[PDB]
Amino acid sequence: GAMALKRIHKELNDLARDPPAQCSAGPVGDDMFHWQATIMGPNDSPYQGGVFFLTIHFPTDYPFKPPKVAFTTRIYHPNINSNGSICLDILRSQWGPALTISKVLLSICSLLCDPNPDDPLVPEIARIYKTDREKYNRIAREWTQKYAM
């Protein structure tokens, strides 16, 4: 409804004056409820140098339910699977209306920097993250080269 659209427009304007991390986001064409985003691989993470694309769909009752957010670029990470689904609490149970798409992107950036392996979407990636960090980082760098450059 109209409340959602007002809030989406406000968050787009907010993002343009103050970009979260090194992210971009906004409408695909004229559709205010379907956005694209990009996140630069954080410096000093194994994703450094990659550019990762995401899709975002706002619900009609935004901001009182979360946007649906998924990666379209492949990424090696304990909380992001091969469909680009993102296991992140604020996109489900911990969403509230004081969150914004800028805060979602900052939280996804932090997630890339410091995973939640006890919340595994990809059990083996979670396991290697915990038991052999040097190997996790090697493989995440390899996948950044393969998919995100």
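We number the residues from 1 along the sequence you see.
Per-stretch averaging of Cα B factors for 113-121 and 34-42 places 113-121 on top.
Among the modelled residues of its chain, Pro27 has a C-alpha B-factor that falls in the lowest third according to the deposited record. Residue-level temperature factors show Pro63 in the lowest third of its chain, judged at the C-alpha atom. Per-chain ranking of the deposited C-alpha B factor places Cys87 in the middle third. Annotation for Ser107: C-alpha temperature factor in the lowest third relative to the rest of the modelled chain, per the entry. In this PDB entry, the Cα temperature factor of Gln94 sits in the middle third of its chain's modelled residues.
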